């Protein structure tokens, strides 16, 4: 039944994606299984059926114009309402495997931050504050849980690091302490 063929060409579209995200999208587009718009590619990645999260992360981390548009659309598919920053980050970083290059993490955190702030207005005074703090949380996860780092950051150091990021002033110590404790006691889960 003209449909099982559709399943074969989809399963083929997803594996290729897992081997090479760009080629798998091209294959899916060419075989009319997926619309070549950033919005539809993003939905496809977000649903993530049968997709390796490392391949999703690698695609979202590219700098080409379409990939940037997809990342924007991908983050728009996340609902962060009534989540604290760490809970929102956990949900976000569950949907793809974060790349390790700082330029990619930076771009991903800024995009995350814009959305976080829209979903949770007035929690931060500016999206910049949310963006810088989110990045410092990624730094904190790395510091605390990567075994190549021997001299682990304590609370005091984490507090000192975020000095000045609230539009030249400070965030409250208890907000930073709660972030610190959440990451220390539960690293970001490996997808």
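Numbering follows the first chain given and starts at 1.
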item	value
Mean C-alpha temperature factor, higher of 137-145 and 150-158	150-158
33-41 versus 52-60 - greater average Cα B-factor per the deposited record	33-41
Relative C-alpha B-factor of residue 101, binned into the chain's lowest, middle or highest third	lowest
Residue 79 - which third its CA temperature factor falls in, relative to the rest of the chain	middle
Modelled-residue ranking by C-alpha temperature factor, third containing residue 68	middle
